[PDB]
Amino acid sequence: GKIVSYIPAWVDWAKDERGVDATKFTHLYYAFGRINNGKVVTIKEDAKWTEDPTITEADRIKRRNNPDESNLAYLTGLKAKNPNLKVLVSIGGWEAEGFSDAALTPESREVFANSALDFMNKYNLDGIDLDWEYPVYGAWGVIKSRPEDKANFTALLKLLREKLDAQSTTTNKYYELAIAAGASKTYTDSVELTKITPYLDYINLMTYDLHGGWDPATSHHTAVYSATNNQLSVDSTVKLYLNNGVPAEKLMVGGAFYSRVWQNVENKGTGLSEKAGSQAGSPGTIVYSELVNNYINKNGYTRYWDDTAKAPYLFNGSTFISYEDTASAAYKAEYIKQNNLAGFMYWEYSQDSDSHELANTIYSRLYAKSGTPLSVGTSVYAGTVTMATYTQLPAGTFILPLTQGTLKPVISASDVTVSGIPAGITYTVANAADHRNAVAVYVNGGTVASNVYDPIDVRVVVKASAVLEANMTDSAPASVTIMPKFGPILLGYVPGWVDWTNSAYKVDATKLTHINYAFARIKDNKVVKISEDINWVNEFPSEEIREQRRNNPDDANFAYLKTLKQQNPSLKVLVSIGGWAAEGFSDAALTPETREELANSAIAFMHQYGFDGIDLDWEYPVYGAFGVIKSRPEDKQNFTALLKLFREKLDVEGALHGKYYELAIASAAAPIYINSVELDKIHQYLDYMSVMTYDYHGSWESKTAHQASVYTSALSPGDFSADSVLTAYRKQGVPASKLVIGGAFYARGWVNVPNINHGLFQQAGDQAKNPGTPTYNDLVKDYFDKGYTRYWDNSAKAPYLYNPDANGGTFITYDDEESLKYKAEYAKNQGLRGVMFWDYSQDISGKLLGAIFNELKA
C-alpha cells in the first residue's frame, strides 16, 4: 500500500521548524522541477515562476534564490529515518509550460528525457513523476497544447522508461516512473491509458478540485463517493479509469490537504448543493492548517458531514468550504483497501496542521489490519475541575479531543458514558465549542453528597456510535479529575545526605505540600537508615567518603523535618525506601512472610522517625536496571502483593492513630518498566505515582536529545516526553489523579557534539569528558555565562545549551524555570495529582521551585 506525499519546493526544508516525518509515507514527490529550453531544471530557474506579477517584489526576491539544492539534500537525507523511502522529482504542476514543445519531436523528447535523468541522478532520486496539466486541451488554454500531445505523451513516457530501464541494467537499482492524471473524462480522452500504463509504476489520480467556485452550485471537491449523479468523486474517477482498462493495482487515489471555497452561497439548508453567486472576492482555497486554526467549528462556521459522499464541509450562511479531514481520509483509505488500489497520494504535505494530523491519519488508517476494528482514541485538553470547598463543586468542563476517530458534528447524550461524577451532580455531553473533534463534558455547578478530601476520578467513554468512521469500537475509558479544594501536590525530594540543620539553604515548607526523604534502605529484610547500607556507604574505596556516609546526618535531619512539620502543619513528609542501586526488594517481595517482615519493619521505621507515609523506590522490578539490582520475573506480580500489604498495614496504622498514612512509588518512563509492573492493578493501593519524566537520554547514547522534555520534539517523532510517558500510563489504565509529573534540577549532556543545529539531535563522539549530571547550581556557576548559549525547542518546550568550544562541542539538556512552568501547566490541564522534583539540594536559588509553585498554586 503506497503513500505518495507531495512536498513543495518553495518551503526551505532545512530551516523549517517542524521538518518532515517520512516514517508516515513511502514516497516523497518533490514539487516541482520545471522545463526551460526543453530541459528539466530547478524551480528557481523558471522565470515564469520566479517573476509572477501576483504576490510580487518582497516575496519575488525569495523565489529567485529558492534553496532547491539544500531542499533535495534535506529530503533525501530523510532516508536515515525511513530507509525504504523513495524520493522522486515531480516535473510540471499547475501552469508549468514546455511539455507540448518538449514532447513534440523524437529530438526534443531526447533532450528533455536526458535532462530528466540528469536531474534524477544529480540529486540521488528514485524516480521521475510527470505532472503535465494537461495534454491536448492544455487545461483550456492555461498551457500551450496541440492535438498531437496525445501520442507525443506516449512516446515521451516510452522513451523515459527505456532510459530508466537501461540505467537499471547497469546499476541494478529499479527506477520509478509515474504521472499525476486528471480526473475528468476529457483527460481520459486526451491520453492513451492502455498504451501508457505498461510504462508506469502507477498513476496518481488527481481526485481533488473536482468541483469548485467555477461551478454554479456548491459541491464536494475531493469526496470518496458520488452522492448525486452529477457529483464527481474518487469512486467515479477510479471507475472511469478501471473502465478504460487501468489495473486497480496501478491507481493511487488523491486527497487534498486544502479546501475549495465558494462565496455568496444562498443561505438555505447546509449550503451544500446550493447556488453560489460571485466568486470575484474569493480566496478560492484555504489550507488545512488554516481551517483548523480559524474555521472548523470556529468563528461562526458549522461543520457538516455528507454521509453519502463521506465528505466534510463547513458553512457559515454565506461561505461554503469543502475540505478533507480525518473521517474523509479514513473512508478514502478504506476505499483503497476494499478496491485493491495502489494507495493514497496527497497534495501537499506542508498544508497539514503543525502536528501532521492528516498525514498521520492516512498512515494509521492505511496500514490498519482489517478484521481488527479500531477503537476510538482520546486525549485531554481540559482535565481538571476543582472543588471550591469540601462539598461545593463549581461549574466546569472536561474537554477531550479525539486522536482516533471523528465525532459526528452533533453528538447525542447516548454517544458518551461518563462514570464518577459525584452523586447529585448533573452533567451533559456535547461537542466542545471551538474544537474540530472534541467531547465536552459540562459538569453542572453543585453540592457533593459527602466531603471531598481526595481527587475524584471521572471516566469518559466515547462510544463507537459518536464517531463518523465505519467499524470502530468504544474508547478506552478516559481519565479526568475532580480535584479537592487544596489543589495539586508539589512534592520535593529532599536528600538525607545534606545536613539540613547546618545548611544555610533550608527547605521551603510553605511552597511544598510533600517531601520525600531520600532514603531509607533494606538490610536483612528490615528497613534501616542509609548509613547502615553497606553497599552505599562503601560505594567508594576512599575512607573520607565512607566516613561521611557512615556519619550520614539522619537523626539531625529527622529533628529538622519534625520542626518543619511543626511550623507547617499541613506538610506531609514521607520516607523513601530504596532509590538507585538499593538492594533487597526482589527478596523482600517473594513470599507472604518476607513481605510481612518488610512491611512491619517499614511501618516501625515510619513511626520511629516521624513520617506521614512511605514511598517505595524500587529501581526496578524484573530488569533490575540491567543487573544493577537483583531481579526476578516474579517481581512483577510480587510488587503488586507488596503494595497491597503495605497499604493494608498502613490502613491498620491510620485506623489505630486516628490519621491517614500515604503510600506512593516513584516509577520510571521506559517501556520495559511499564511492561514490568502491573500498573492497572497497583494504582488502587497508591495515593500517586511519582513518574520520573526525565533521564530519557544521556551519556550512555551517542546521539543528543532532550532528557526531560515535557512534549515530544517535532524533530524527533516518537521520542520520550512527559506527555508521551504519562499518556502511556493512562493507557494502562492509571487514573490521571494518581500521576505526578517529574522535574529534574540537574542536567545531562554529551561532549564531542558537532556544531550543527546547536548540537540538538546530532551524533556525538567519545563521552569520557562528559559532564555527568551537573546540578542547576553547577549550571549557574560554570555554564550559563561561560560560552554556552541557551536555546529553546519550542515544540518540546525544553531548553538546551550549546558551547562549540567546550570539549569538542557540548550540548546540555535540562529543566529551567520555563520548562518547569510548562510541566506544572501540563499537570493542571491534564488532571494530574501534581508535580514532583529531584532534588531540593540542586537549586539553592529557589528559582526552580518558585517556578513550579507560581504556576501550579496560582
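Residue numbers run from 1 along the displayed sequence.
Taking only CA atoms, the mean B-factor in the PDB entry is higher for 621-629 than for the other of 621-629 and 398-406. The deposited model assigns a higher average Cα B-factor to 47-55 than to the other stretch when 786-794 and 47-55 are compared.
In the PDB entry, the Cα temperature factor peaks, among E266, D615, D508, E539, at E539. Of the residues listed, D651, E547, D695, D306, the entry assigns the biggest Cα temperature factor to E547.
Among the modelled residues of its chain, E290 has a C-alpha B-factor that falls in the lowest third, as given in the PDB entry. Placement of the Cα temperature factor of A858 within the chain: highest third of the modelled residues, per the deposited record. Ranked by Cα temperature factor within the chain, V780 sits in the middle third according to the deposited record. In the PDB entry, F119 places in the highest third of its chain by CA B-factor.
Sort the modelled residues of the chain by CA B factor and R521 lands in the lowest third.
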